[PDB]
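Working notes for the structure below.
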Amino acid sequence: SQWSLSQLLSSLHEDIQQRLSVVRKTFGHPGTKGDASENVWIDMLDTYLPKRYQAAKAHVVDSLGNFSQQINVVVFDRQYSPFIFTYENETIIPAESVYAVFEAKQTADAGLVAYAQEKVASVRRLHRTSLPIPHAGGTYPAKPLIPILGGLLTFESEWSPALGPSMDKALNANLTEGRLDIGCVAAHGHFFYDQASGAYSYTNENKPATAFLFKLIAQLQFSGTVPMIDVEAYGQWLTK
Amino acid sequence: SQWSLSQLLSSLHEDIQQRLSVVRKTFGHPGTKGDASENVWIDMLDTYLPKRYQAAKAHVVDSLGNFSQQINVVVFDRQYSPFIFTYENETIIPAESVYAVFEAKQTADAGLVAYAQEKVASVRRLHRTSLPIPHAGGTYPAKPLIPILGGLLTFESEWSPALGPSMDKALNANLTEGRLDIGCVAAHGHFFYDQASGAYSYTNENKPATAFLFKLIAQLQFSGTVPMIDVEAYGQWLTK
Amino acid sequence: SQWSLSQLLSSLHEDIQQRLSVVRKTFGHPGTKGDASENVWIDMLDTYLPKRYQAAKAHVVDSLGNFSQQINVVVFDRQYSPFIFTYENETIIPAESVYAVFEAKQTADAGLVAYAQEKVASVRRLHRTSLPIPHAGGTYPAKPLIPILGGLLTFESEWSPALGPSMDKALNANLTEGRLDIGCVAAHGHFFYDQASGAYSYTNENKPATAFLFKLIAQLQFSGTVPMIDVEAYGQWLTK
Amino acid sequence: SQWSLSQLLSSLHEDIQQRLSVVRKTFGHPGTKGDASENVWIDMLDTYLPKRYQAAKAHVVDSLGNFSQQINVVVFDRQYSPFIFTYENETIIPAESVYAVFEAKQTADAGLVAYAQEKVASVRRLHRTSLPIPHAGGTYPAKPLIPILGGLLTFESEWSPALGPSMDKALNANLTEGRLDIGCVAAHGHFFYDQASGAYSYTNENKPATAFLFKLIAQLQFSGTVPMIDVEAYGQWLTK
Amino acid sequence: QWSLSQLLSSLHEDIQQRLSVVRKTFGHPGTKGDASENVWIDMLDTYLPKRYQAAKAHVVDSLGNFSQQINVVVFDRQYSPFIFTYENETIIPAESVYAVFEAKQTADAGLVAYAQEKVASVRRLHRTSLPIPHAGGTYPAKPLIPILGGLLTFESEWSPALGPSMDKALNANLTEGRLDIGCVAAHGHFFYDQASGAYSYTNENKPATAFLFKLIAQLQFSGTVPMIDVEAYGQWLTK
Amino acid sequence: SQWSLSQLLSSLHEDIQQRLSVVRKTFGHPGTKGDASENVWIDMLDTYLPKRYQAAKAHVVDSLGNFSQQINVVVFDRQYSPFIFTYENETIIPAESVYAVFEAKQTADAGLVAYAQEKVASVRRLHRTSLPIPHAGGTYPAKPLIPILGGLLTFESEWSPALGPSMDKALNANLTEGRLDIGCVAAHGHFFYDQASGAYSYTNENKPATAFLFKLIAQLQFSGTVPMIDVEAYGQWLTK
């Protein structure tokens with residue numbers, strides 16, 4: 001009956017780990033298991049992230065007509081950004097709306113790390129517009145393009161411990177367009193890329209999903225709001 | 001990744017036990033903990049019971065103007081029954097709509113058993129009308145009044161054994177208006193009253209919340225649908 | 001402090017009268033005022049009628065291709081009946097689904113009574129199919145067609161007293177296809193057509209909206225469920 | 001301007017065909033296109049079927065521990081049937097709840113017909129319990145088991161004519177556990193198995209999605225409500 | 001295989017198709033109008049940035065004056081209260097408004113004039129504007145934003161739809177009732193070019209999508225609504 | 001018929017007073033009455049406040065692990081702030097999210113004023129972080145903390161006049177950490193603390209709930225958006 005902040009943060013994490021564990025052992029069909037697992041991560045972000053952020057599955061498109069791969073957990077703006085197309089509950093968002101790109105799967109291994117790196121690169125390669133921003137105090141120059149964070153969300157790992165030499169090799173194989181900035185292995189720990197030191201930081205236990213959530217919120221704060229989209233750049237495709 | 005019926009039933013139970021456990025250790029304020037605990041039990045019944053059943057907190061009233069105590073988990077009909085009054089999300093249902101009456105609290109002990117028995121009695125004492133029932137085949141005579149099931153829902157038990165002779169004593173103290181027909185102690189097992197043998201049956205472990213849910217569904221099937229309410233009996237209070 | 005069934009019934013009515021009063025004096029556009037008033041009546045029925053009944057605005061169609069007028073408050077089945085067409089939140093239901101037809105307007109007068117009678121007649125003139133009914137015991141012979149109840153719902157009356165000779169004259173002008181069986185003038189009383197005596201019964205005050213609701217439920221009970229629709233009769237209109 | 005029953009039925013169909021056509025030409029990822037297409041069919045059935053039917057994706061389980069394949073469009077009862085397990089929006093239903101099983105894909109061809117027949121057979125092979133049914137008039141004998149309807153939903157056909165001899169040969173390859181009783185090829189027509197004649201009936205054009213919907217409703221009516229489930233048979237799996 | 005051009009074409013085709021079904025299927029005029037408005041509101045609710053709300057409403061100002069009924073208004077709720085909402089009908093303050101549209105099935109001279117009067121009925125309202133507290137301190141009160149006016153239809157009575165007859169109708173009001181943007185879903189879109197002082201017309205080219213993109217681009221210049229002085233409304237609290 | 005701004009404001013208030021009056025006389029059980037009364041006030045704020053404000057029941061926690069009392073109506077940010085924990089519909093928010101704190105009860109008296117003062121103090125004692133704010137134009141200095149508004153919401157008063165010497169005495173007993181800045185006695189008037197004069201301002205009648213709402217919105221505007229939370233201060237509790 002004593003309130004405890006540590007207990008709140010532990011329970012947030014325990015809920016995520018428990019739900020992912022139930023999904024893993026109970027749903028026999030791999031597609032069903034994957035859909036339910038993604039549902040957990042999207043629910044966590046929808047529940048806890050500031051409401052300036054949306055979290056969903058989508059494809060990303062740019063004004064040059066290029067498309068990302070399917071992103072199973074994308075974090076994006078809707079306060080200042082349209083969808084490009086949404087129909088029958090499937091969605092394509094403009095590249096200018098994107099804050100972060102994650103690949104979610106039940107188990108981390110070398111193939112999944114490389115797959116996530118490529119998913120992230122498929123978004124970062126897209127072209128983003130940026131217009132001068134009218135506001136209450138006048139007009140800002142166009143905002144410089146924000147970083148798009150990349151990451152991986154799993155329950156388990158092929159490696160034990162999950163965050164060891166094999167994971168470190170896999171992550172360090174792509175520190176450029178496919179760089180993963182943050183990730184969570186819910187049964188084991190979380191990681192983030194420290195730009196000041198140029199290396200990954202790993203934490204085992206210590207409430208992994210909550211640690212991931214808090215690091216993501218803090219990292220996202222540096223991005224501010226997405227730059228202002230030039231929708232008329234997309235409008236060039238109305239005639240061709 | 002193989003499908004297992006036993007795993008489905010185990011996961012249903014484990015989810016309930018886990019949510020109640022998180023509520024108990026995380027919410028320091030008693031009212032908050034109680035409200036969250038009741039939310040779990042109501043969510044379980046709303047999710048799994050056949051849709052002919054509603055589950056909610058309510059008071060019960062009869063056409064004699066008498067009221068039950070507050071029932072924190074009542075199972076009732078809405079397909080054939082009106083509310084008597086619902087306002088600002090608080091609700092009063094007619095006695096004729098009731099299928100089952102539960103008291104949900106943290107731990108089973110002598111005082112809670114007696115309190116739950118009195119809650120159930122406060123509903124069974126109410127008067128229920130019953131009219132001949134028009135249907136596709138003609139008209140049935142008024143349905144004989146259905147039993148109202150009584151029950152208790154807890155996480156823990158103060159007794160040792162949890163479902164042992166001390167519990168059996170408290171339950172056998174009221175086999176009439178306050179009789180409890182079914183109950184769940186989520187950390188320990190479930191019980192039910194066997195009318196054929198005139199005694200209680202106890203089962204330890206065996207996925208307690210799922211075992212409770214399945215027994216409740218089976219017991220409810222015997223009640224069929226509620227008898228047909230005479231709403232004009234309540235209308236006698238329009239001139240009073 | 002003390003529970004009172006009479007108070008529950010009074011408050012139910014007072015809520016409806018107050019909401020209609022606020023709509024009447026506050027919305028200065030006639031269409032807005034009408035829409036808001038209809039919303040009150042539909043909310044009352046949706047909240048309190050047994051869930052076997054739907055309440056909404058709709059047109060009604062039959063398998064002979066005939067359409068009713070627009071019905072602003074129709075009570076109908078959806079448990080056993082399809083929509084014929086629903087699109088952009090506007091709806092057409094089959095005649096076999098209908099239990100009751102109401103016209104809602106702010107004030108009762110000679111023109112409104114005649115208008116409501118014509119609305120009801122426009123539904124009663126429609127053809128209703130009825131098929132033998134498969135059920136748990138086998139197949140019942142086709143259910144004989146149920147009466148469709150007709151009515152009016154207003155707040156005020158041009159006549160003072162509201163339910164006097166002028167109302168009785170208007171109501172008795174149509175006792176066949178346009179007969180109104182039940183009605184509520186929320187600020188004054190309710191009426192119903194007594195088939196045994198062949199005359200209207202009027203009740204002033206006595207919590208009019210609650211009195212109306214209880215009479216409507218009691219009258220509807222005699223209809224049971226709608227007869228079983230022959231959807232293939234509508235399917236005759238699939239040819240080019 | 002003028003109401004037309006033929007137009008209502010034509011617009012219902014045209015809406016389905018247009019939505020499926022947009023999905024087909026607009027979503028460039030196969031999983032996304034498939035999900036959106038299934039969404040259209042499920043939306044159609046959820047919107048228009050009587051509310052006694054649920055329509056969703058699910059797996060089916062029986063009281064012998066056997067599971068079906070993943071069913072992308074299942075029509076089932078929830079008024080009288082629990083879920084066996086639902087978690088993170090993915091669901092397993094008992095075999096006793098099932099009315100109809102469909103496979104939904106883009107184009108009809110020999111492989112898809114055989115795949116759909118096997119999907120249906122994977123449900124029909126499951127064991128279904130049936131108990132005596134308590135009701136207002138006493139207790140019915142256990143209801144004899146109802147057929148489960150099987151079907152196929154597509155947009156196009158690889159064959160010319162679409163519903164021609166090649167389709168007929170594929171359908172006639174399984175008239176037992178995998179028999180398809182009804183199907184829709186949205187751009188071309190619909191089919192149904194005529195038990196009296198022992199052969200398939202094909203209808204080209206005539207508003208295919210509406211014709212399919214009406215035939216499905218008429219077929220389903222013969223099934224009445226699902227027999228009463230013996231949940232205690234599932235409870236045998238509660239033991240360690 | 002994906003195509004951005006196809007996305008934009010399908011967005012428009014969906015709107016045109018839904019409006020076409022409504023027009024031919026709902027025999028009752030009120031039902032047809034309600035369903036058509038539902039399409040336009042759904043399009044804007046789905047695609048506009050979430051800083052914009054789209055609904056039917058009346059507009060009121062702190063001087064007690066009311067607009068006509070606006071069947072499609074685009075307005076702020078992030079920084080603005082409702083003045084009154086009850087039984088799902090709503091009155092918004094003038095300070096919340098970004099854009100005012102009249103939606104009907106067919107464009108003709110009477111509809112253009114009616115839409116211009118609807119827009120004027122909102123622009124005549126008084127809007128307050130207070131200094132704005134924010135993360136950096138307090139901005140001076142924001143100068144009042146233009147309220148955009150427009151029309152949304154499916155068809156046109158004229159040949160061509162956006163031809164000389166439409167141009168005459170629009171040019172009859174370039175002041176308080178000026179329409180800045182509009183869509184004739186079966187034919188094209190128009191906008192008022194302030195630099196040249198004339199209307200620009202675009203035929204085909206996915207009309208509803210072209211309209212949506214131009215609307216978003218025009219709205220961006222308005223930023224957020226100025227900060228309402230709700231206590232100006234409070235003068236009507238006395239007996 | 002004629003629109004009237006005066007009437008809009010009168011109806012807004014009259015709706016609140018009517019709903020609170022119905023709750024007071026209709027719900028016999030004190031807990032039910034209190035929940036329904038809180039529901040009215042939360043609905044009013046959720047309906048009318050700008051969407052940058054959330055209104056709900058919650059506990060508040062800070063990065064030092066300290067907790068407030070239970071707050072039945074808190075007004076807070078979610079656009080830029082996470083929840084710390086939300087589970088089974090019960091919620092804990094960070095102190096940095098808070099704009100205003102209210103205690104809502106049916107009747108004002110000396111005990112309640114002191115209780116509301118203690119509730120507010122329990123939130124104001126909490127520590128609030130504030131980081132430099134990234135935005136479109138660069139980075140702002142950390143926003144200075146702004147004081148949290150405190151308040152009381154009731155229907156009636158033990159005193160007549162309600163806003164008389166006894167109320168003034170109770171309010172002036174705490175002008176520091178427990179100071180109430182604004183309040184409404186719905187049947188009588190509203191009050192606010194005038195910082196310029198150092199005294200309370202009382203307004204009788206003048207549509208109290210509307211007058212309260214407008215003063216609240218005006219006071220809140222001065223607070224702008226909450227300062228930017230340092231979630232890593234909370235993350236210190238991940239490892240302890």
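Just so we're on the same page: first chain in the structure tokens is A, next is B, and so on; residues restart at 1 for each chain, and ligands are numbered from 1 in the order they show up.
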
Do me a favour and pick out the residues of chain B within 7 Å of chain C, using only C-alpha atoms, as a tab-separated table (two decimals) with N, CA, C and O atoms, in the first residue's frame.
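Output file out.tsv follows:
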chain	number	residue	atom	x	y	z
B	65	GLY	N	-40.40	-1.12	-4.96
B	65	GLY	CA	-39.63	0.03	-4.49
B	65	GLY	C	-38.46	-0.30	-3.62
B	65	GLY	O	-37.86	0.61	-3.03
B	78	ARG	N	-29.81	-7.37	-20.88
B	78	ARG	CA	-30.29	-6.15	-21.54
B	78	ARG	C	-31.01	-6.41	-22.85
B	78	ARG	O	-31.59	-5.47	-23.40
B	79	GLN	N	-31.01	-7.65	-23.37
B	79	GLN	CA	-31.68	-7.91	-24.63
B	79	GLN	C	-33.19	-7.75	-24.50
B	79	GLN	O	-33.85	-7.35	-25.48
B	80	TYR	N	-33.74	-8.07	-23.34
B	80	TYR	CA	-35.18	-8.08	-23.09
B	80	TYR	C	-35.57	-7.18	-21.92
B	80	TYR	O	-36.74	-7.20	-21.48
B	81	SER	N	-34.61	-6.45	-21.34
B	81	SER	CA	-34.86	-5.72	-20.12
B	81	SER	C	-34.38	-4.29	-20.27
B	81	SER	O	-33.30	-4.05	-20.82
B	82	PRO	N	-35.16	-3.31	-19.81
B	82	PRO	CA	-34.67	-1.94	-19.75
B	82	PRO	C	-33.79	-1.76	-18.52
B	82	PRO	O	-33.82	-2.55	-17.57
B	83	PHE	N	-32.98	-0.69	-18.55
B	83	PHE	CA	-32.55	-0.11	-17.29
B	83	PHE	C	-33.74	0.58	-16.63
B	83	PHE	O	-34.66	1.05	-17.31
B	85	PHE	N	-32.84	3.20	-14.37
B	85	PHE	CA	-32.27	4.54	-14.42
B	85	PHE	C	-30.78	4.41	-14.67
B	85	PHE	O	-30.09	3.62	-13.99
B	134	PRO	N	-44.78	-13.78	-25.50
B	134	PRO	CA	-45.04	-13.95	-26.94
B	134	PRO	C	-43.77	-14.30	-27.70
B	134	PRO	O	-42.72	-13.71	-27.48
B	135	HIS	N	-43.89	-15.26	-28.63
B	135	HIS	CA	-42.73	-15.72	-29.40
B	135	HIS	C	-43.23	-16.23	-30.74
B	135	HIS	O	-44.43	-16.23	-31.02
B	136	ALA	N	-42.29	-16.73	-31.55
B	136	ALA	CA	-42.65	-17.10	-32.92
B	136	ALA	C	-43.67	-18.23	-32.98
B	136	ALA	O	-44.42	-18.32	-33.94
B	137	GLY	N	-43.67	-19.10	-31.98
B	137	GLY	CA	-44.61	-20.20	-31.92
B	137	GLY	C	-45.91	-19.94	-31.19
B	137	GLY	O	-46.70	-20.88	-31.02
B	231	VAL	N	-43.09	-4.24	-16.94
B	231	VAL	CA	-42.64	-2.89	-16.67
B	231	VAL	C	-43.74	-2.02	-16.09
B	231	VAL	O	-43.45	-1.04	-15.40
B	232	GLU	N	-45.01	-2.34	-16.34
B	232	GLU	CA	-46.09	-1.53	-15.77
B	232	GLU	C	-46.23	-1.72	-14.26
B	232	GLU	O	-46.83	-0.87	-13.60
B	235	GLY	N	-44.32	1.04	-13.33
B	235	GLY	CA	-45.13	2.22	-13.64
B	235	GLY	C	-46.13	2.61	-12.57
B	235	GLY	O	-46.65	3.74	-12.59
B	237	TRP	N	-45.38	3.45	-9.78
B	237	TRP	CA	-44.69	4.46	-9.01
B	237	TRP	C	-44.59	5.79	-9.74
B	237	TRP	O	-43.92	6.70	-9.24
B	238	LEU	N	-45.23	5.89	-10.91
B	238	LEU	CA	-45.32	7.15	-11.65
B	238	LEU	C	-46.33	8.11	-11.05
B	238	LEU	O	-46.29	9.31	-11.35
B	239	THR	N	-47.26	7.61	-10.25
B	239	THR	CA	-48.29	8.42	-9.60
B	239	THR	C	-48.00	8.57	-8.12
B	239	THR	O	-48.86	9.04	-7.37
B	240	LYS	N	-46.81	8.15	-7.68
B	240	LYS	CA	-46.43	8.14	-6.28
B	240	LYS	C	-45.09	8.86	-6.12
B	240	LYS	O	-44.71	9.67	-6.97

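Residues of chain C lying within 8 Å of chain E, counting only C-alpha atoms, are residues 23, 29, 32, 35, 36, 37, 39, 40, 70, 87, 88, 89 and 90 of chain C.
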
Do a neighbour search on residue 108 in chain B at 8 Å with only C-alpha atoms, toss out local chain neighbours closer than 5 positions, and write the hits as a PyMOL selection string.
chain B and resi 113+154-159+185

Mind checking DSSP for range 3-240 of chain C and telling me the helix (DSSP H, G or I) residues as JSON, numbers by chain?
{"C": [5, 6, 7, 8, 9, 10, 11, 12, 13, 14, 15, 16, 17, 18, 19, 20, 21, 22, 23, 24, 25, 26, 30, 31, 32, 33, 34, 35, 36, 37, 38, 39, 40, 41, 42, 43, 44, 45, 46, 47, 48, 95, 96, 97, 110, 111, 112, 113, 114, 115, 116, 117, 118, 119, 120, 121, 122, 123, 124, 165, 166, 167, 168, 169, 170, 171, 172, 208, 209, 210, 211, 212, 213, 214, 215, 216, 217, 218, 219, 220, 221, 231, 232, 233, 234, 235, 236, 237, 238]}

Restrict the selected residues to C-alpha atoms and save them as a short mmCIF file (atom, residue, chain, number, x, y, z; two decimals), in the first residue's frame.
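Once everything was written out, this is out_8.cif:
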data_model
loop_
_atom_site.label_atom_id
_atom_site.label_comp_id
_atom_site.auth_asym_id
_atom_site.auth_seq_id
_atom_site.Cartn_x
_atom_site.Cartn_y
_atom_site.Cartn_z
CA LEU C 5 -38.01 4.22 -7.14
CA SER C 6 -40.45 7.09 -7.67
CA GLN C 7 -37.48 9.46 -7.75
CA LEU C 8 -35.69 7.31 -10.33
CA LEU C 9 -38.74 7.48 -12.60
CA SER C 10 -39.21 11.20 -12.02
CA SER C 11 -35.58 11.97 -12.84
CA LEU C 12 -35.69 9.92 -16.03
CA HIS C 13 -38.59 12.08 -17.20
CA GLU C 14 -37.16 15.37 -15.88
CA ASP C 15 -33.95 14.75 -17.85
CA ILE C 16 -35.88 14.36 -21.11
CA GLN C 17 -38.10 17.38 -20.46
CA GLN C 18 -35.11 19.53 -19.52
CA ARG C 19 -33.05 18.52 -22.56
CA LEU C 20 -35.93 19.20 -24.95
CA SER C 21 -36.56 22.53 -23.20
CA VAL C 22 -32.91 23.56 -23.57
CA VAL C 23 -32.94 22.60 -27.25
CA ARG C 24 -36.15 24.57 -27.84
CA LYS C 25 -34.91 27.82 -26.34
CA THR C 26 -31.25 27.67 -27.35
CA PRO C 30 -35.01 25.21 -37.18
CA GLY C 31 -33.06 22.31 -38.68
CA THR C 32 -30.50 22.39 -35.88
CA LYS C 33 -33.28 22.46 -33.28
CA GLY C 34 -35.07 19.58 -34.94
CA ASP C 35 -31.93 17.47 -35.22
CA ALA C 36 -31.06 18.05 -31.56
CA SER C 37 -34.60 17.22 -30.42
CA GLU C 38 -34.59 13.99 -32.43
CA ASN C 39 -31.22 13.19 -30.84
CA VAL C 40 -32.85 13.36 -27.40
CA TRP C 41 -35.63 10.96 -28.28
CA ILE C 42 -33.27 8.52 -30.05
CA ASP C 43 -30.87 8.63 -27.08
CA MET C 44 -33.75 7.91 -24.67
CA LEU C 45 -34.88 4.88 -26.67
CA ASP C 46 -31.34 3.65 -27.32
CA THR C 47 -30.52 3.96 -23.62
CA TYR C 48 -33.65 2.40 -22.13
CA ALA C 95 -40.28 -3.33 -43.93
CA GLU C 96 -40.04 -6.70 -42.16
CA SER C 97 -37.66 -5.18 -39.59
CA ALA C 110 -53.42 19.56 -36.24
CA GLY C 111 -50.91 19.58 -39.07
CA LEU C 112 -48.34 17.55 -37.18
CA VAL C 113 -50.85 14.90 -36.13
CA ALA C 114 -51.95 14.49 -39.76
CA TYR C 115 -48.32 14.46 -40.91
CA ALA C 116 -47.43 11.74 -38.40
CA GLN C 117 -50.46 9.67 -39.44
CA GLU C 118 -49.28 9.88 -43.05
CA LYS C 119 -45.73 8.87 -42.06
CA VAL C 120 -47.08 5.80 -40.23
CA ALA C 121 -49.40 4.94 -43.13
CA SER C 122 -46.45 5.17 -45.55
CA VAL C 123 -44.82 2.30 -43.62
CA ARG C 124 -47.96 0.24 -42.95
CA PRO C 165 -60.77 17.89 -27.52
CA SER C 166 -58.63 19.25 -30.36
CA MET C 167 -56.02 16.52 -29.93
CA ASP C 168 -58.76 13.91 -29.70
CA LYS C 169 -60.33 15.21 -32.92
CA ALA C 170 -57.02 15.05 -34.79
CA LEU C 171 -56.21 11.56 -33.53
CA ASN C 172 -59.66 10.15 -34.29
CA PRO C 208 -44.81 11.77 -19.29
CA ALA C 209 -41.62 10.52 -20.93
CA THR C 210 -41.25 7.65 -18.45
CA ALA C 211 -44.94 6.82 -18.72
CA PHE C 212 -44.54 6.75 -22.50
CA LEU C 213 -41.42 4.59 -22.33
CA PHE C 214 -43.06 2.02 -20.07
CA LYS C 215 -46.23 1.86 -22.19
CA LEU C 216 -44.12 1.48 -25.34
CA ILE C 217 -42.11 -1.40 -23.88
CA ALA C 218 -45.29 -3.14 -22.70
CA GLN C 219 -47.01 -2.71 -26.09
CA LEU C 220 -43.90 -3.87 -27.96
CA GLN C 221 -43.67 -7.06 -25.88
CA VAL C 231 -34.42 -11.81 -48.51
CA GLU C 232 -34.75 -13.60 -51.87
CA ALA C 233 -37.92 -11.57 -52.49
CA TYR C 234 -35.66 -8.50 -52.43
CA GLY C 235 -33.21 -10.49 -54.59
CA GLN C 236 -35.77 -10.34 -57.40
CA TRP C 237 -34.55 -6.76 -57.91
CA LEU C 238 -30.98 -7.90 -58.73
#

Once DSSP has gone over the backbone, tell me which residues of range 21-78 of chain B are in strand (DSSP E), as a PDB file with N, CA, C and O atoms, in the first residue's frame.
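Contents of the output file states-v2.pdb:
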ATOM      1  N   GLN B  54     -24.702  -9.142 -19.804  1.00  0.00           N
ATOM      2  CA  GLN B  54     -23.983  -7.919 -19.488  1.00  0.00           C
ATOM      3  C   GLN B  54     -23.310  -8.097 -18.128  1.00  0.00           C
ATOM      4  O   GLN B  54     -23.841  -8.770 -17.254  1.00  0.00           O
ATOM      5  N   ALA B  55     -22.162  -7.438 -17.938  1.00  0.00           N
ATOM      6  CA  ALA B  55     -21.479  -7.437 -16.655  1.00  0.00           C
ATOM      7  C   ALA B  55     -21.097  -6.007 -16.309  1.00  0.00           C
ATOM      8  O   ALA B  55     -20.451  -5.328 -17.120  1.00  0.00           O
ATOM      9  N   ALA B  56     -21.485  -5.552 -15.110  1.00  0.00           N
ATOM     10  CA  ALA B  56     -21.235  -4.177 -14.688  1.00  0.00           C
ATOM     11  C   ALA B  56     -21.468  -4.032 -13.192  1.00  0.00           C
ATOM     12  O   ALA B  56     -21.963  -4.948 -12.527  1.00  0.00           O
ATOM     13  N   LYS B  57     -21.091  -2.869 -12.660  1.00  0.00           N
ATOM     14  CA  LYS B  57     -21.482  -2.448 -11.324  1.00  0.00           C
ATOM     15  C   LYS B  57     -22.863  -1.802 -11.407  1.00  0.00           C
ATOM     16  O   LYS B  57     -23.149  -1.048 -12.333  1.00  0.00           O
ATOM     17  N   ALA B  58     -23.724  -2.117 -10.449  1.00  0.00           N
ATOM     18  CA  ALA B  58     -25.055  -1.520 -10.442  1.00  0.00           C
ATOM     19  C   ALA B  58     -25.706  -1.738  -9.098  1.00  0.00           C
ATOM     20  O   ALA B  58     -25.268  -2.575  -8.301  1.00  0.00           O
ATOM     21  N   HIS B  59     -26.765  -0.977  -8.856  1.00  0.00           N
ATOM     22  CA  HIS B  59     -27.754  -1.326  -7.859  1.00  0.00           C
ATOM     23  C   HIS B  59     -28.933  -1.982  -8.567  1.00  0.00           C
ATOM     24  O   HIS B  59     -29.160  -1.768  -9.767  1.00  0.00           O
ATOM     25  N   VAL B  60     -29.673  -2.784  -7.816  1.00  0.00           N
ATOM     26  CA  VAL B  60     -30.868  -3.475  -8.305  1.00  0.00           C
ATOM     27  C   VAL B  60     -32.081  -2.921  -7.559  1.00  0.00           C
ATOM     28  O   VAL B  60     -32.029  -2.678  -6.350  1.00  0.00           O
ATOM     29  N   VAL B  61     -33.184  -2.721  -8.290  1.00  0.00           N
ATOM     30  CA  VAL B  61     -34.439  -2.251  -7.696  1.00  0.00           C
ATOM     31  C   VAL B  61     -35.550  -3.189  -8.141  1.00  0.00           C
ATOM     32  O   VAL B  61     -35.445  -3.825  -9.204  1.00  0.00           O
ATOM     33  N   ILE B  71     -23.837  -3.604  -5.958  1.00  0.00           N
ATOM     34  CA  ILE B  71     -23.241  -4.853  -6.439  1.00  0.00           C
ATOM     35  C   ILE B  71     -22.067  -4.507  -7.355  1.00  0.00           C
ATOM     36  O   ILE B  71     -22.265  -3.916  -8.429  1.00  0.00           O
ATOM     37  N   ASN B  72     -20.852  -4.877  -6.946  1.00  0.00           N
ATOM     38  CA  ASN B  72     -19.710  -4.429  -7.746  1.00  0.00           C
ATOM     39  C   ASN B  72     -19.537  -5.224  -9.043  1.00  0.00           C
ATOM     40  O   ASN B  72     -18.985  -4.682 -10.002  1.00  0.00           O
ATOM     41  N   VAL B  73     -20.038  -6.464  -9.112  1.00  0.00           N
ATOM     42  CA  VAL B  73     -20.063  -7.222 -10.359  1.00  0.00           C
ATOM     43  C   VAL B  73     -21.406  -7.947 -10.451  1.00  0.00           C
ATOM     44  O   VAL B  73     -21.636  -8.954  -9.764  1.00  0.00           O
ATOM     45  N   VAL B  74     -22.305  -7.441 -11.283  1.00  0.00           N
ATOM     46  CA  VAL B  74     -23.610  -8.060 -11.505  1.00  0.00           C
ATOM     47  C   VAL B  74     -23.660  -8.494 -12.960  1.00  0.00           C
ATOM     48  O   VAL B  74     -23.169  -7.785 -13.847  1.00  0.00           O
ATOM     49  N   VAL B  75     -24.224  -9.683 -13.198  1.00  0.00           N
ATOM     50  CA  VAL B  75     -24.397 -10.219 -14.542  1.00  0.00           C
ATOM     51  C   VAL B  75     -25.895 -10.191 -14.808  1.00  0.00           C
ATOM     52  O   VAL B  75     -26.682 -10.685 -13.976  1.00  0.00           O
ATOM     53  N   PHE B  76     -26.292  -9.558 -15.928  1.00  0.00           N
ATOM     54  CA  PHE B  76     -27.706  -9.246 -16.122  1.00  0.00           C
ATOM     55  C   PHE B  76     -28.056  -9.215 -17.600  1.00  0.00           C
ATOM     56  O   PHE B  76     -27.185  -9.191 -18.465  1.00  0.00           O
TER      57      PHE B  76
END

Please report the interatomic distance between CA of residue 146 in chain B and CA of residue 195 in chain B in Å with one decimal.
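Interatomic distance here is 14.9 Å.
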
From the list E:157, E:76, E:180, E:204, the nearest residue to residue 224 in chain E using only C-alpha atoms is E:76

Could you check the closest approach to residue 221 in chain E for each of A:131, A:184, A:163, A:152 and tell me which residue wins, using only C-alpha atoms?
A:131

Rounded to one decimal in Å, what is the spacing between CA of residue 126 in chain A and CA of residue 66 in chain A?
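Here the two named atoms are 6.8 Å from each other.
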